[PDB]
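Hydrogens, waters and symmetry mates play no part in the numbers below; they use all other heavy atoms, side chains included. The first residue of the sequence shown is numbered 1, and numbering continues consecutively from there.
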Amino acid sequence: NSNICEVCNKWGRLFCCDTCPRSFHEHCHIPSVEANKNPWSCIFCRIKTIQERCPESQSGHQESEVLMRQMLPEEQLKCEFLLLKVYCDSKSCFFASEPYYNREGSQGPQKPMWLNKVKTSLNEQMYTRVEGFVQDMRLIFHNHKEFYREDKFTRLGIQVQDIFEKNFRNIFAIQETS
Ligand SMILES: [Zn+2]
Ligand SMILES: [Zn+2]
Ligand SMILES: [Zn+2]
């Protein structure tokens with residue numbers, strides 16, 4: 001197994017996957033690493049099994065059809081994995097916890113949103129369709145863009161949104177376009 005957390009890249013109290021060499025902090029894995037379960041398989045492993053069981057699940061899909069999907073167990077898992085892929089970027093720190101807004105010339109967003117709130121919402125099964133989760137994720141970056149205006153700090157929202165969007169297209173096998 002690796003000697004660092006796959007998500008945050010630090011050592012510590014790590015739980016090792018039984019089917020691949022990754023390790024995790026307890027609350028870095030999504031969902032949080034399960035109490036018992038020997039062998040234990042990480043989210044990466046569980047996603048790869050889905051693909052192996054249904055190779056046609058990798059054929060291209062339309063984003064509009066993906067969004068309307070109900071959050072059955074396989075879609076729940078895919079959204080957890082996509083959330084986890086965002087936390088894997090170190091720049092996710094800026095978007096993890098509850099923000100506050102007091103900048104000359106700007107007003108805070110009407111609907112603040114942050115990664116740990118999305119994580120809670122997934123854990124609590126509050127999204128009934130893929131669209132719910134994707135809307136809250138894109139709201140994070142849109143609020144950041146609007147608040148920071150011409151400050152160069154706006155670029156951190158562009159960067160982390162690009163990681164979200166590339167991983168969304170991969171995980172949900174969105175049809176490639178020009
Ligand atoms: Zn970690
Ligand atoms: Zn694994
Ligand atoms: Zn199949």
Side-chain angles (χ1 to χ4, degrees), residues 2 5-9 17 19-22 24 28-32 41-97 99 109 111-148 153-178:
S2 190
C5 184
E6 189 75 1
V7 183
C8 74
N9 301 108
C17 186
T19 53
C20 79
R22 306 172 174 98
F24 306 84
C28 280
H29 198 269
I30 307 178
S32 282
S41 270
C42 78
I43 194 156
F44 293 80
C45 287
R46 300 167 66 192
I47 293 285
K48 183 210 299 318
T49 294
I50 302 314
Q51 284 171 21
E52 286 173 355
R53 285 182 168 151
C54 281
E56 71 279 24
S57 74
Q58 294 163 290
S59 293
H61 298 78
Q62 296 297 113
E63 175 175 318
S64 65
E65 176 271 322
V66 170
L67 299 183
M68 288 307 313
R69 294 179 192 166
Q70 295 178 21
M71 290 280 264
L72 292 177
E74 293 194 346
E75 309 307 308
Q76 172 86 24
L77 195 72
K78 284 179 176 201
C79 296
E80 289 165 347
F81 188 50
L82 178 48
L83 183 58
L84 176 139
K85 283 294 189 158
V86 175
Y87 282 98
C88 289
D89 199 281
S90 68
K91 291 161 178 285
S92 72
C93 67
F94 296 109
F95 297 107
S97 71
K111 189 181 164 180
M113 191 51 58
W114 58 102
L115 304 167
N116 295 345
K117 184 172 173 67
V118 178
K119 183 175 276 199
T120 292
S121 296
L122 272 176
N123 175 240
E124 289 176 3
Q125 296 160 312
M126 302 290 289
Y127 300 113
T128 59
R129 290 170 194 274
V130 175
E131 178 177 52
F133 165 80
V134 170
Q135 284 172 340
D136 276 355
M137 296 290 287
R138 288 172 167 167
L139 185 60
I140 301 171
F141 311 116
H142 193 256
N143 284 348
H144 178 97
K145 285 163 72 166
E146 293 299 292
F147 184 68
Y148 291 106
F153 192 58
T154 58
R155 175 160 180 262
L156 268 296
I158 299 166
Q159 293 177 313
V160 179
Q161 181 150 22
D162 194 38
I163 298 292
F164 173 69
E165 297 297 342
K166 282 179 188 281
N167 282 282
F168 173 71
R169 290 188 305 268
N170 179 262
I171 289 164
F172 288 95
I174 296 298
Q175 176 61 52
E176 293 276 288
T177 44
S178 65

Would you check if the side chain of [X] reaches a backbone N or O of [Y] as a donor-acceptor pair within less than 3.5 Å?
{"X": "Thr49", "Y": "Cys45", "value": "yes"}
{"X": "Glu75", "Y": "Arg129", "value": "no"}
{"X": "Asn123", "Y": "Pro31", "value": "no"}

Around atom CD of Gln76, are there more than 12 heavy atoms of other residues, nucleotides or ligands at under 6.0 Å? yes

Hey, is CD on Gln125 packed in by over 12 heavy atoms from elsewhere, all under 6.0 Å?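 Check fails, neighbour count at 12 or below.
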
My understanding is that only residues two or more places apart in sequence, or in another chain, count here; which of them pass salt bridge (charged side-chain N to carboxylate O under 4.0 Å, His left out) with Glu131? none

For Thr19, give me all partners under side-chain hydrogen bond (donor to acceptor under 3.5 Å, both in side chains), at least two apart in sequence or on another chain.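 So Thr19 forms a side-chain hydrogen bond (donor to acceptor under 3.5 Å, both in side chains) with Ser41.
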
According to side-chain hydrogen bond (donor to acceptor under 3.5 Å, both in side chains), who are the partners of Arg155, at least two apart in sequence or on a separate chain? none

To check you understand the geometry: which heavy-atom pair defines the closest contact between [X] and [Y], and what is its length?
{"X": "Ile140", "Y": "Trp114", "result": "CD1-C, 3.7 Å"}
{"X": "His29", "Y": "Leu84", "result": "CA-CD1, 4.1 Å"}
{"X": "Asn143", "Y": "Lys111", "result": "ND2-O, 2.8 Å"}
{"X": "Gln175", "Y": "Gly60", "result": "OE1-CA, 3.6 Å"}
{"X": "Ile43", "Y": "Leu77", "result": "CD1-O, 3.7 Å"}
{"X": "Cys5", "Y": "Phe24", "result": "SG-CA, 4.0 Å"}

Give me each pair satisfying ring pair (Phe, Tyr, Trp, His ring centres under 6.0 Å) with a member in residues 54-74, each pair once, sequence neighbours excluded. none

Before you tell me yes or no, could you show the steps for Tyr87 and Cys28 under side-chain contact (heavy atoms from CB on, under 4.5 Å), namely the whole-Å CA-CA distance, both residues' side-chain angles and the distance that decides it to 0.1 Å? CA-CA 8 Å; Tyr87 282 98; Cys28 280; over 6 Å; no

Decide yes or no for [X] and [Y]: does some side-chain heavy atom of the first lie under 4.5 Å from some side-chain heavy atom of the second?
{"X": "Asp162", "Y": "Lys166", "result": "yes"}
{"X": "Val66", "Y": "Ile174", "result": "yes"}
{"X": "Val160", "Y": "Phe94", "result": "no"}
{"X": "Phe81", "Y": "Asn167", "result": "no"}
{"X": "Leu67", "Y": "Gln135", "result": "no"}
{"X": "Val130", "Y": "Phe172", "result": "yes"}

Once you measure the plane-to-plane angle for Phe95 and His144, does it fall in the parallel (<30°), tilted (30-60°) or perpendicular (>60°) bin?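 Ring orientation, 0 to 90° scale: perpendicular.
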
I need the full list of salt bridge (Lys or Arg N to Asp or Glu O under 4.0 Å) pairs touching residues 78-94, with sequence neighbours left out, sorted by first then second residue.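 As it turns out, there is no salt bridge (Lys or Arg N to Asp or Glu O under 4.0 Å) pair with a partner in residues 78-94 once direct neighbours are skipped.
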
Report the distance from atom [atom1] of [X] to atom [atom2] of [Y], rounding to the nearest 0.5 Å.
{"X": "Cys88", "Y": "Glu6", "atom1": "SG", "atom2": "CD", "value": "6.5 Å"}
{"X": "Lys119", "Y": "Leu83", "atom1": "NZ", "atom2": "CG", "value": "6.5 Å"}
{"X": "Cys79", "Y": "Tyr127", "atom1": "SG", "atom2": "OH", "value": "9.0 Å"}
{"X": "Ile47", "Y": "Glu74", "atom1": "CD1", "atom2": "CD", "value": "8.5 Å"}
{"X": "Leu115", "Y": "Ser121", "atom1": "CG", "atom2": "OG", "value": "11.5 Å"}
{"X": "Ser57", "Y": "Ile171", "atom1": "OG", "atom2": "CD1", "value": "12.5 Å"}

Set of ring pair (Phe, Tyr, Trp, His ring centres under 6.0 Å) partners for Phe133, sequence neighbours left out: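 Testing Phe133 for ring pair (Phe, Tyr, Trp, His ring centres under 6.0 Å), a comparison that skips the adjacent residues, returns none.
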
Derivation and outcome, salt bridge (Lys or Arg N to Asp or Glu O under 4.0 Å), residues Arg138 and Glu165: CA-CA 9 Å; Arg138 288 172 167 167; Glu165 297 297 342; 2.9 Å; yes

Answer yes or no: is there an ion pair linking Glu63 with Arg169, defined by an N-O contact shorter than 4.0 Å?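 Salt bridge absent between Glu63 and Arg169.
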
